[PDB]
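To start, the structure under review is shown below, and the notes come after it.
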2 protein chains.
Amino acid sequence: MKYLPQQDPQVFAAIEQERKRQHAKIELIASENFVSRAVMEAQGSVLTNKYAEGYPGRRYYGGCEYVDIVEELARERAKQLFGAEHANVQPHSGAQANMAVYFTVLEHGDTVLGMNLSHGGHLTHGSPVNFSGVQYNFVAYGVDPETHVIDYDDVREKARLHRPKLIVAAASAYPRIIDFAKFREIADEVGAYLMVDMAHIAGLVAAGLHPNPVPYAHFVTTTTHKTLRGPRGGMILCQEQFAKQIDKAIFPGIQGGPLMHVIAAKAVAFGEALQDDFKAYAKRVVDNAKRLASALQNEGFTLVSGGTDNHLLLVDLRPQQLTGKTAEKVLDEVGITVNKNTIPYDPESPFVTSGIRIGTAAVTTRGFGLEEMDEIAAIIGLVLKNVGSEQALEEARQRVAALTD
Amino acid sequence: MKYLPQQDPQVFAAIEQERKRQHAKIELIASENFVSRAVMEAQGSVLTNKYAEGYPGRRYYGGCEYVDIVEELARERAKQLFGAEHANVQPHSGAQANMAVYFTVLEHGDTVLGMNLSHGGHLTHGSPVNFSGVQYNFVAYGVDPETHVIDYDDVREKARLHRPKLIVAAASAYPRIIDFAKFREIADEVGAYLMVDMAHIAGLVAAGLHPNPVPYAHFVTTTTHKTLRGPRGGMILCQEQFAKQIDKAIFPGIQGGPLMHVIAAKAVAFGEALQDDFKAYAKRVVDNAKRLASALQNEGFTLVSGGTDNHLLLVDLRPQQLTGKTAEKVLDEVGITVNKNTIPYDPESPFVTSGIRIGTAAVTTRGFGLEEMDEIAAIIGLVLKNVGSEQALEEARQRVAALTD
Ligand SMILES: Cc1ncc(COP(=O)(O)O)c(CN[C@@H](CO)C(=O)O)c1O
Ligand SMILES: Cc1ncc(COP(=O)(O)O)c(CN[C@@H](CO)C(=O)O)c1O
């Protein structure tokens, strides 16, 4: 940085603290990642100065010839990555991508069926303090109490009983592959649209390591910043038949001018995801998650669903008599970042919880491999089994520093 | 740029075209501006990697100590700039800032009174193809047919008749000072909240060149990218009594994770606006707009409301027998960027219009002064009075190039 240090010492000092923090900690928050320098440069460009309401070649302002090229690169690369017939790369976030699909096919008060929030569903999938839950009537399907795998008979029974206009599949904390074919089969049975929110697994889908929802869902939403390793923002994928309606939902529907500099960064990230090394990266994410899962089981931890098929895992801390809040707090003391997270049928509230959610996308981006996963599990075992020992916590801090350098 | 050119030649080439385009044209779109290098560096930072749902000191993720500092700098500097009791700097855009206020005080179907869209009101102030118009019952107040100044008796009559739960004041194309005191007096008479969308005039308000809506409105919304000259995004200002509700409307209400890198850029822009030179800049914006207005009247153009009190002006092209669409297209041929814009009581549709909207914030940022305004007016006169002469258009192109270098 050159101009920021001189113009704003306070903002620069804080950014520099954050940059060093990102290097020093072991980041296991499942929705995080580290973007490339090229992606950051695209978002730090002069494209923030351009008003470009509308779409490429159909803008409401002149002079959009070059931001049109950028937006089409993003759309075409997204289409090649996921094999979608249409893409909308304007959503400002995952929340706005979801909001626009809901705005497209639902009327106020319509019934929507989504994953139980305490079993893995997202806030925008029906929380009563979110617009989804306030605007529409959400009903939920759950996972089996023992396997923790989505109960497809429960999805079907709820759909047939409540007759939702839309069914939402996917999650913020589900460690197994989701069967989109079954979701579409149930949606067809009850005449509902199917929306798949693939935010967490988008990079895995792009690398062929998770079944692609595109062929089964009417609408596919996602964030560009989780396993896809792009800038923070959203995207909607859909068949040509809903293209005009989805585009109108985003604009003039729910947003105004798009963030053209962030769209440039989305294009860059999509170009990175089309390369062979991104596929190797994604495989290492899943391999590392499996290894981490196995190593944690070796320390004596119980994992929701017994392991993982993707980038994330959930530890059920009940056997250790710990809440997720306690575990999150003590891991923060040693330099390991996780989130408390409810587990299916959790006896505790969502503010306390009985679990922690962990993902490997970020540590894989920084170059960690199987040996590092074994050590991370060993450190978490040392800390969580010895929460009252300051000597064990200091040892963990030294082991974390050895991993991050 | 260093990494982008090598990672993505296509995206880099397009960005570079856009950068050169921004230098080569005379940018008169009233909502645009050019951000500083420091603001761009803040948005091109590693803060895009951090999940930070919640607010400073009340986050849902650990490790937010440093992004908390950045967000508080933004909030505190916003509060000093506008004298507000509370600020929310998380809105992703002006559309999301407006959406959150509506979500805070309105129920689906409530009546809202806002400025007629064809007299200056914004799309998010009731358009039937926007969420505002679909979700709520909007009614509109207009400007006087001759003075083009808001008819405060019309605001009051519509409020008393329709009994809106909320009244919205401010606009995307109103060239005169808005009397917020009268708006609050009418709102109090009918028991309605008052929301002021100051997006266009925020920089002028910060420099004391436009009356501040903060003391009169329950809620003040704005974009950070127009006259405020910040990164693209939104912000909400309000009294301490609605702080918790406004914060909850943004999150968990209508958004998810905030764009922390864009919030860092908002802080930077707010720091720039607190400096004495920003006040001098803003004065030049208004001085230049007046000068430009006067010079256009000298060429024979009619201006909506007869001139301007702010950064923008509207030309009524009926006297020249031109539509705004025709004028916008021929000015684009010579390197001058304007927007077609309806004028009050326009006989043409919003897609054709009888006017063009022009603003001076961007050319003032690049250093243009009174002599440049006279020349810009002279060039627009030459072009619009000689639309069929390729010699006049080529002369205009050479005069535009002389101004931009
Ligand atoms: C499945 C899923 N869908 C949408 C979002 C929202 O994205 P924003 O860009 O944050 O609006 C998420 C976000 N998940 C966060 C917590 O909300 C996470 O840590 O999982 C999501 O997971
Ligand atoms: C008064 C006013 N309020 C909100 C917005 C929306 O902001 P976004 O960041 O674009 O969502 C605007 C935007 N105005 C644009 C056209 O929509 C302009 O050129 O005026 C606004 O003016």
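Following the order of the structure tokens, first chain is A, next is B, and so on, with residues numbered from 1 inside each chain and ligands from 1 in the order they appear.
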
Practice prompt. Determine which residues of stretch 309-387 of chain A DSSP labels as strand (DSSP E) from the backbone of this structure, then write them out as a list in words.
Written response: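 Strand (DSSP E) members of stretch 309-387 of chain A, listed: residues 312, 313, 314, 315, 316, 336, 337, 339, 340, 355, 356, 357, 358 and 359 of chain A.
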
I'd like the contact shell of stretch 205-212 of chain B - 8 Å cut-off, only C-alpha atoms, skipping same-chain residues fewer than 2 positions apart - returned as a CSV table (one decimal) with N, CA, C and O atoms, in the first residue's frame.
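Saved file part_12.csv follows:
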chain,number,residue,atom,x,y,z
B,81,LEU,N,-19.3,13.9,11.1
B,81,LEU,CA,-19.6,14.6,9.9
B,81,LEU,C,-21.0,15.1,9.8
B,81,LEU,O,-21.3,16.2,9.3
B,82,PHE,N,-22.0,14.3,10.2
B,82,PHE,CA,-23.4,14.7,10.1
B,82,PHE,C,-24.1,15.0,11.4
B,82,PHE,O,-25.3,15.4,11.4
B,177,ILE,N,-32.7,23.1,-3.0
B,177,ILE,CA,-32.6,22.7,-1.6
B,177,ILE,C,-34.0,22.2,-1.1
B,177,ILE,O,-35.0,22.7,-1.5
B,178,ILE,N,-34.0,21.1,-0.4
B,178,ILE,CA,-35.2,20.5,0.1
B,178,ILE,C,-35.4,21.0,1.6
B,178,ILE,O,-34.4,21.0,2.3
B,179,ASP,N,-36.6,21.4,1.9
B,179,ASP,CA,-36.9,21.9,3.2
B,179,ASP,C,-37.3,20.8,4.2
B,179,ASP,O,-38.5,20.5,4.3
B,180,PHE,N,-36.4,20.2,4.9
B,180,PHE,CA,-36.7,19.1,5.8
B,180,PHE,C,-37.5,19.5,6.9
B,180,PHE,O,-38.2,18.6,7.5
B,201,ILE,N,-26.9,14.5,-2.2
B,201,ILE,CA,-26.4,15.7,-1.5
B,201,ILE,C,-25.6,15.5,-0.3
B,201,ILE,O,-25.2,16.4,0.4
B,202,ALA,N,-25.3,14.2,0.1
B,202,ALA,CA,-24.5,13.9,1.3
B,202,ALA,C,-23.2,14.7,1.4
B,202,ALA,O,-23.0,15.2,2.5
B,203,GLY,N,-22.4,14.8,0.4
B,203,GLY,CA,-21.2,15.6,0.5
B,203,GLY,C,-21.5,17.1,0.8
B,203,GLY,O,-20.8,17.7,1.5
B,214,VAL,N,-30.4,15.5,9.4
B,214,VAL,CA,-30.3,14.7,10.6
B,214,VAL,C,-31.2,15.2,11.8
B,214,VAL,O,-32.0,14.4,12.3
B,215,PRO,N,-31.3,16.5,12.1
B,215,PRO,CA,-32.1,17.0,13.2
B,215,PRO,C,-33.6,16.9,12.9
B,215,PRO,O,-34.3,17.0,13.8
B,228,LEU,N,-20.5,12.6,-1.6
B,228,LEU,CA,-19.6,12.2,-0.5
B,228,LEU,C,-18.3,11.7,-0.9
B,228,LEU,O,-17.3,11.6,-0.2
B,273,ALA,N,-13.6,13.6,4.1
B,273,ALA,CA,-14.7,14.6,4.2
B,273,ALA,C,-14.6,15.5,5.4
B,273,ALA,O,-15.1,16.6,5.3
B,278,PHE,N,-12.0,19.3,1.8
B,278,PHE,CA,-13.2,18.7,1.2
B,278,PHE,C,-14.3,19.8,1.2
B,278,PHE,O,-15.1,19.8,0.3
B,279,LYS,N,-14.3,20.6,2.3
B,279,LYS,CA,-15.3,21.7,2.3
B,279,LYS,C,-15.1,22.6,1.1
B,279,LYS,O,-16.0,23.0,0.5
B,282,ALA,N,-16.3,20.8,-2.0
B,282,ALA,CA,-17.8,20.9,-2.1
B,282,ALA,C,-18.3,22.2,-2.6
B,282,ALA,O,-19.3,22.3,-3.3
B,283,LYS,N,-17.7,23.3,-2.1
B,283,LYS,CA,-18.1,24.7,-2.5
B,283,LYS,C,-17.9,24.8,-4.0
B,283,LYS,O,-18.8,25.4,-4.7
B,310,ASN,N,-27.7,23.1,-5.9
B,310,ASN,CA,-26.7,22.1,-5.5
B,310,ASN,C,-25.7,21.7,-6.6
B,310,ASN,O,-25.2,22.5,-7.2

Near-stretch 313-319 of chain A list (6 Å; only C-alpha atoms; drop same-chain fewer than 4 positions) as an mmCIF file with N, CA and C atoms, in the first residue's frame:
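Wrote part_33.cif, looks like this:
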data_model
loop_
_atom_site.group_PDB
_atom_site.id
_atom_site.type_symbol
_atom_site.label_atom_id
_atom_site.label_comp_id
_atom_site.auth_asym_id
_atom_site.auth_seq_id
_atom_site.Cartn_x
_atom_site.Cartn_y
_atom_site.Cartn_z
ATOM 1 N N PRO A 175 -22.199 -31.528 6.771
ATOM 2 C CA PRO A 175 -20.970 -32.148 6.358
ATOM 3 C C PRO A 175 -21.077 -33.274 5.360
ATOM 4 N N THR A 302 -16.338 -36.868 19.020
ATOM 5 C CA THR A 302 -17.474 -37.381 18.256
ATOM 6 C C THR A 302 -17.797 -36.331 17.183
ATOM 7 N N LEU A 303 -17.960 -36.768 15.948
ATOM 8 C CA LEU A 303 -18.272 -35.847 14.848
ATOM 9 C C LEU A 303 -19.707 -36.014 14.380
ATOM 10 N N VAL A 304 -20.426 -34.920 14.164
ATOM 11 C CA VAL A 304 -21.797 -35.036 13.639
ATOM 12 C C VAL A 304 -21.729 -35.728 12.281
ATOM 13 N N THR A 308 -17.137 -36.572 7.236
ATOM 14 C CA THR A 308 -17.501 -35.490 6.308
ATOM 15 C C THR A 308 -17.269 -35.920 4.871
ATOM 16 N N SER A 354 -23.858 -27.086 21.524
ATOM 17 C CA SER A 354 -23.042 -28.205 21.978
ATOM 18 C C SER A 354 -21.974 -28.577 20.942
ATOM 19 N N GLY A 355 -21.627 -27.647 20.036
ATOM 20 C CA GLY A 355 -20.647 -28.036 19.022
ATOM 21 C C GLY A 355 -19.771 -26.919 18.496
ATOM 22 N N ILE A 356 -18.798 -27.305 17.669
ATOM 23 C CA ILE A 356 -17.974 -26.332 16.965
ATOM 24 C C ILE A 356 -17.952 -26.774 15.491
ATOM 25 N N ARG A 357 -17.998 -25.772 14.612
ATOM 26 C CA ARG A 357 -17.929 -26.040 13.181
ATOM 27 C C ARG A 357 -16.524 -25.692 12.696
ATOM 28 N N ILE A 358 -15.926 -26.549 11.903
ATOM 29 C CA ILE A 358 -14.550 -26.368 11.417
ATOM 30 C C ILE A 358 -14.511 -26.619 9.916
#

Practice prompt. Tell me the residues of chain B close to chain A, meaning within 6 Å using only C-alpha atoms, as a PyMOL selection string.
Written response: chain B and resi 3-4+14+18+34+38+40-41+43-44+49+66+95+130-131+252-256

Could you save those same residues with N, CA, C and O atoms as a PDB file, in the first residue's frame?
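Listed below is the output, again-v8.pdb:
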ATOM      1  N   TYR B   3      -0.138  -8.072  -9.863  1.00  0.00           N
ATOM      2  CA  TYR B   3      -0.544  -9.467 -10.033  1.00  0.00           C
ATOM      3  C   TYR B   3      -1.668  -9.675 -11.031  1.00  0.00           C
ATOM      4  O   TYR B   3      -1.694 -10.663 -11.772  1.00  0.00           O
ATOM      5  N   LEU B   4      -2.577  -8.702 -11.134  1.00  0.00           N
ATOM      6  CA  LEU B   4      -3.686  -8.812 -12.076  1.00  0.00           C
ATOM      7  C   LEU B   4      -3.267  -8.917 -13.528  1.00  0.00           C
ATOM      8  O   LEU B   4      -3.742  -9.806 -14.246  1.00  0.00           O
ATOM      9  N   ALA B  14      -9.552  -4.840 -19.883  1.00  0.00           N
ATOM     10  CA  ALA B  14     -10.829  -4.162 -19.733  1.00  0.00           C
ATOM     11  C   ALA B  14     -10.784  -3.104 -18.658  1.00  0.00           C
ATOM     12  O   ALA B  14     -11.301  -1.984 -18.854  1.00  0.00           O
ATOM     13  N   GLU B  18     -11.273   0.978 -19.126  1.00  0.00           N
ATOM     14  CA  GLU B  18     -12.146   1.772 -18.271  1.00  0.00           C
ATOM     15  C   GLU B  18     -11.417   2.915 -17.587  1.00  0.00           C
ATOM     16  O   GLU B  18     -11.941   4.044 -17.513  1.00  0.00           O
ATOM     17  N   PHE B  34     -14.920  10.522  -8.528  1.00  0.00           N
ATOM     18  CA  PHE B  34     -13.688   9.746  -8.617  1.00  0.00           C
ATOM     19  C   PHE B  34     -13.123   9.601  -7.191  1.00  0.00           C
ATOM     20  O   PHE B  34     -12.834  10.620  -6.564  1.00  0.00           O
ATOM     21  N   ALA B  38      -6.237   6.257  -1.828  1.00  0.00           N
ATOM     22  CA  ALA B  38      -6.352   5.650  -0.491  1.00  0.00           C
ATOM     23  C   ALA B  38      -7.645   4.866  -0.333  1.00  0.00           C
ATOM     24  O   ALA B  38      -7.652   3.788   0.294  1.00  0.00           O
ATOM     25  N   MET B  40      -9.439   3.349  -2.706  1.00  0.00           N
ATOM     26  CA  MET B  40      -9.306   2.146  -3.504  1.00  0.00           C
ATOM     27  C   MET B  40      -8.406   1.116  -2.827  1.00  0.00           C
ATOM     28  O   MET B  40      -8.726  -0.075  -2.789  1.00  0.00           O
ATOM     29  N   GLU B  41      -7.304   1.587  -2.221  1.00  0.00           N
ATOM     30  CA  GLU B  41      -6.398   0.676  -1.518  1.00  0.00           C
ATOM     31  C   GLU B  41      -7.115   0.001  -0.350  1.00  0.00           C
ATOM     32  O   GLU B  41      -6.919  -1.196  -0.123  1.00  0.00           O
ATOM     33  N   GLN B  43     -10.322  -0.756  -0.219  1.00  0.00           N
ATOM     34  CA  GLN B  43     -11.207  -1.773  -0.749  1.00  0.00           C
ATOM     35  C   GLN B  43     -10.420  -2.898  -1.420  1.00  0.00           C
ATOM     36  O   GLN B  43     -11.007  -3.955  -1.619  1.00  0.00           O
ATOM     37  N   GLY B  44      -9.166  -2.688  -1.773  1.00  0.00           N
ATOM     38  CA  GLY B  44      -8.339  -3.742  -2.345  1.00  0.00           C
ATOM     39  C   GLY B  44      -7.546  -4.458  -1.240  1.00  0.00           C
ATOM     40  O   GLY B  44      -6.585  -5.175  -1.545  1.00  0.00           O
ATOM     41  N   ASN B  49     -11.454 -10.992   3.249  1.00  0.00           N
ATOM     42  CA  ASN B  49     -11.430 -12.352   3.790  1.00  0.00           C
ATOM     43  C   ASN B  49     -12.158 -12.539   5.121  1.00  0.00           C
ATOM     44  O   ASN B  49     -12.272 -13.707   5.568  1.00  0.00           O
ATOM     45  N   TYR B  66      -9.781  -6.244  14.998  1.00  0.00           N
ATOM     46  CA  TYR B  66      -9.256  -5.175  14.140  1.00  0.00           C
ATOM     47  C   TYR B  66     -10.263  -4.673  13.132  1.00  0.00           C
ATOM     48  O   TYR B  66     -10.303  -3.446  12.920  1.00  0.00           O
ATOM     49  N   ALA B  95     -29.736   1.134  -2.181  1.00  0.00           N
ATOM     50  CA  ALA B  95     -30.944   0.315  -2.200  1.00  0.00           C
ATOM     51  C   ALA B  95     -31.113  -0.454  -0.882  1.00  0.00           C
ATOM     52  O   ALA B  95     -32.213  -0.512  -0.353  1.00  0.00           O
ATOM     53  N   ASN B 130     -39.923  -2.162  -8.533  1.00  0.00           N
ATOM     54  CA  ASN B 130     -38.905  -2.246  -7.487  1.00  0.00           C
ATOM     55  C   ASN B 130     -39.575  -2.865  -6.264  1.00  0.00           C
ATOM     56  O   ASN B 130     -40.796  -2.731  -6.115  1.00  0.00           O
ATOM     57  N   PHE B 131     -38.787  -3.392  -5.321  1.00  0.00           N
ATOM     58  CA  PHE B 131     -39.402  -3.916  -4.102  1.00  0.00           C
ATOM     59  C   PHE B 131     -40.213  -2.878  -3.334  1.00  0.00           C
ATOM     60  O   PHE B 131     -41.208  -3.242  -2.675  1.00  0.00           O
ATOM     61  N   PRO B 252     -29.870  -9.193  11.747  1.00  0.00           N
ATOM     62  CA  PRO B 252     -29.997 -10.357  10.944  1.00  0.00           C
ATOM     63  C   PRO B 252     -31.088 -10.134   9.886  1.00  0.00           C
ATOM     64  O   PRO B 252     -31.478 -11.043   9.167  1.00  0.00           O
ATOM     65  N   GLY B 253     -31.622  -8.922   9.808  1.00  0.00           N
ATOM     66  CA  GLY B 253     -32.750  -8.604   8.956  1.00  0.00           C
ATOM     67  C   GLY B 253     -32.621  -8.801   7.462  1.00  0.00           C
ATOM     68  O   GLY B 253     -33.277  -9.661   6.861  1.00  0.00           O
ATOM     69  N   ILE B 254     -31.819  -7.929   6.813  1.00  0.00           N
ATOM     70  CA  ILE B 254     -31.757  -8.003   5.348  1.00  0.00           C
ATOM     71  C   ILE B 254     -30.417  -8.360   4.746  1.00  0.00           C
ATOM     72  O   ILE B 254     -30.384  -8.657   3.538  1.00  0.00           O
ATOM     73  N   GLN B 255     -29.309  -8.366   5.458  1.00  0.00           N
ATOM     74  CA  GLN B 255     -28.011  -8.730   4.917  1.00  0.00           C
ATOM     75  C   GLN B 255     -27.390  -9.852   5.772  1.00  0.00           C
ATOM     76  O   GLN B 255     -28.023 -10.214   6.764  1.00  0.00           O
ATOM     77  N   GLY B 256     -26.204 -10.289   5.386  1.00  0.00           N
ATOM     78  CA  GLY B 256     -25.455 -11.292   6.138  1.00  0.00           C
ATOM     79  C   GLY B 256     -24.127 -10.614   6.535  1.00  0.00           C
ATOM     80  O   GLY B 256     -24.097  -9.567   7.207  1.00  0.00           O
TER      81      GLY B 256
END

Fill in: Expected answer as a PyMOL selection string: helix (DSSP H, G or I) residues in stretch 188-241 of chain B
chain B and resi 188-190+199-206+240-241

Write the residues you've just listed into a file as a PDB file, in the first residue's frame, and include C-alpha atoms for each of them.
ATOM      1  CA  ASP B 188     -45.802  15.217  12.785  1.00  0.00           C
ATOM      2  CA  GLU B 189     -49.221  16.480  11.692  1.00  0.00           C
ATOM      3  CA  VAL B 190     -50.209  13.054  10.347  1.00  0.00           C
ATOM      4  CA  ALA B 199     -27.698  10.064  -1.297  1.00  0.00           C
ATOM      5  CA  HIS B 200     -27.123  12.757  -3.912  1.00  0.00           C
ATOM      6  CA  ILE B 201     -26.403  15.662  -1.550  1.00  0.00           C
ATOM      7  CA  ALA B 202     -24.531  13.922   1.286  1.00  0.00           C
ATOM      8  CA  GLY B 203     -21.187  15.601   0.496  1.00  0.00           C
ATOM      9  CA  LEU B 204     -22.903  19.012   0.325  1.00  0.00           C
ATOM     10  CA  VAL B 205     -24.620  18.334   3.654  1.00  0.00           C
ATOM     11  CA  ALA B 206     -21.242  17.394   5.175  1.00  0.00           C
ATOM     12  CA  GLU B 240     -30.114   6.657  19.522  1.00  0.00           C
ATOM     13  CA  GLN B 241     -33.725   5.549  20.064  1.00  0.00           C
TER      14      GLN B 241
END

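Nearest-residue note for ligand 1: choosing from A:143, A:383, A:168, A:84, the minimum distance belongs to A:168, counting only C-alpha atoms and all ligand atoms.
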
Discussion item. So that I can see what lies close to stretch 146-154 of chain A, please list as a PyMOL selection string the residues with an atom at most 12 Å from it, counting only C-alpha atoms and leaving out residues fewer than 2 positions away in the same chain.
Written reply: chain A and resi 113-116+118-121+139-144+156-162+169-171+173-187+303-309+313-314+316+343-346
